[PDB]
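Residue numbers (the entry's author numbering), protein chains in the order written: chain A, 7 to 223; chain B, 7 to 223.
Idealized CB from N, CA, C, for every residue including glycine.
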Ligand SMILES: O=c1cnn([C@@H]2O[C@H](COP(=O)(O)O)[C@@H](O)[C@H]2O)c(=O)[nH]1
Ligand SMILES: O=c1cnn([C@@H]2O[C@H](COP(=O)(O)O)[C@@H](O)[C@H]2O)c(=O)[nH]1
């Protein structure tokens, strides 16, 4: 089947120093079992931070690296990322099918997962990404992709995305909170929501996460 | 003005282990003063590898990170990358103007450079990238971007790119060699060519670089 995310809540840990990242994550460890780590933290502290999170919290790690290179390089990025212990990696679909397949090849070989990013939540996404979103999602479906990332800031787009990928596919959605996305509205189509700043920048992260979950009881 | 690249040749160092990368680069150090480092090497050996290259070879480093996130995350990636010593960073234009501007802001503050990736050389680029290429290039020009990356595999596209960005803009082009691009034809529009596998995978890297430069004099 597809992965099970505790409380349908994924923590986006984009703090850039190990101490704060581990500290804040520890404060909310009781509310989640899946953490999304991106380049802000990895480039600042090193790829070893991925294995550290998995061992210290027993959590699943999704590497939000928005892989967007040529096939050969994508394969290398994925291999290095999975070797570092990542359970899944987020890949852009805009570069084309060959670039996505290169990632799928490595994930299948190593027994990991690929999440296809279909559309982004920021304003700039309307320039080029929005118009290719439906076709990117269909491309994923045609290649057997089972995991997707869609924008929480555009509910009707997320809904359309779900229609394209089917009820079987696993869908997670960022842009909740700081970017304006609503937890409840987003979960009408997504299997899990991604939350970053609203939690890690709060004066009380535990309360922030607790409140979010309370909002979606 | 714009940066000066020795012999109009930029080495794409995508080997993934420090010893091999430093060894091969050392073998061809007499032919170049600018090296492009990407995620394959950085994720495998750490961001400190950037400062190591600058100190060991006295070269300029272009971080080929194909930055493609939301504005706030792009800003963080750029800051971390420039803090690590990178002279320039390659950014995707498909995520939109705000995502590009976030990178430009950090580069201006830290006195570094942003290279806008307009179109890619691999087959998959035809799906979505090629159709947005001219507009991405125009977006860069409208925002004052002075450095661009265009495909060597499609000379007519590269030529069109040069027309859009003007003669004053700095243009470098990957896809030369392994991907089928020709050195001479590419330099008809580009200020410098990027070469990876054709050099670092050759039996004699120095001979390979020496040959490329010879056939381009
Ligand atoms: O389409 C996407 C894919 N990923 N992210 C990422 O998800 C997190 C959202 O964080 P936020 O809750 O602080 O906005 C950040 O890591 C950001 O790079 C998006 O915002 N949109
Ligand atoms: O549009 C782009 C941008 N960057 N690269 C990168 O430039 C190098 C080209 O290497 P090659 O000579 O081995 O094909 C690799 O690092 C690759 O990720 C491309 O191929 N195309």
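Residue 99 of chain A and residue 133 of chain A - do their beta-carbons sit closer together than 8 Å?
no
Could you tell me whether any non-hydrogen atom of ligand 2 is closer than 7 Å to the CB of residue 184 of chain B?
yes
Helix, strand or coil, according to DSSP, for residue 119 of chain B in the structure here?
strand
Quick one: complete alpha helix (DSSP H) runs, 4+ long, within the region 174–214 of chain A?
189–192 and 203–206
Proximal residues of chain A, C-beta to C-beta of residue 72 of chain B below 8 Å
74 and 75
Heavy atom of ligand 2 within 7 Å of residue 44 of chain B beta-carbon:
yes
Taking Cβ to Cβ, would you say residue 142 of chain B is nearer than 8 Å to residue 16 of chain B?
no
Could you give the first and the last residue of the continuous beta strand (DSSP E) run that contains residue 4 of chain B?
Lying outside 7 to 223, the shown extent of chain B, residue 4 of chain B is not represented and no answer is given.
Within 7 Å of chain A by C-beta, residues of the region 98–118 of chain B in sequence order:
98, 100, 101, 102, 103, 104 and 105
Closest Cβ-Cβ distance between residue 4 of chain A and chain B: below 8 Å?
No information on residue 4 of chain A is available, as it lies outside the stretch 7 to 223 that chain A covers here.
Grab me the residues of residue 135 of chain B's own chain with a C-beta within less than 8 Å of its C-beta, minus the 5 sequence neighbours each way, in chain order.
100, 125 and 126
Using a C-beta cutoff of 8 Å, does residue 131 of chain B count as contacting chain A?
yes
Using only the heavy atoms of ligand 1, determine whether one of them is closer than 7 Å to the beta carbon of residue 203 of chain A.
yes
For residue 14 of chain A, collect the residues of the same chain with a Cβ closer than 6 Å to its Cβ; drop the 5 residues on either side in sequence, then sort them by chain order.
198
Check whether the Cβ of residue 155 of chain A lies closer than 7 Å to any heavy atom of ligand 3, and answer yes or no.
Looking at this structure, you won't find ligand 3 anywhere; what it does contain is ligand 1 and ligand 2.
Using a Cβ cut-off of 7 Å, pull out every chain B residue sitting near residue 49 of chain A, in sequence order please.
53, 83, 86 and 87
Environment of residue 221 of chain B [buried if 16+ CB atoms lie within 10 Å]:
exposed
With a threshold of 8 Å, are at least 3 pairs of Cβ atoms found where one atom belongs to the region 45–64 of chain B and the other to the region 73–84 of chain A?
yes
For residue 185 of chain B, is the classification buried or exposed, using 16 other Cβ atoms within 10 angstroms of its Cβ as the cut-off for buried?
buried
My assumption, with CB atoms under 8 Å, is that residue 156 of chain A sits in contact with residue 167 of chain A. Please give the rounded CB distance.
4 Å
Outcome for residue 11 of chain B when other beta-carbon atoms lying within 10 angstroms are tallied against a minimum of 16
buried
Any beta-carbon of chain A closer than 8 Å to the one on residue 20 of chain B?
yes
Taking a contact to mean a Cβ-Cβ separation below 8 Å, would you say residue 191 of chain B touches residue 161 of chain B in this structure?
yes
C-alpha distance - residue 41 of chain A paired with residue 74 of chain A, whole-angstrom precision
21 Å
Look at residue 44 of chain B and residue 20 of chain B and say whether their C-beta atoms are less than 8 Å apart.
yes
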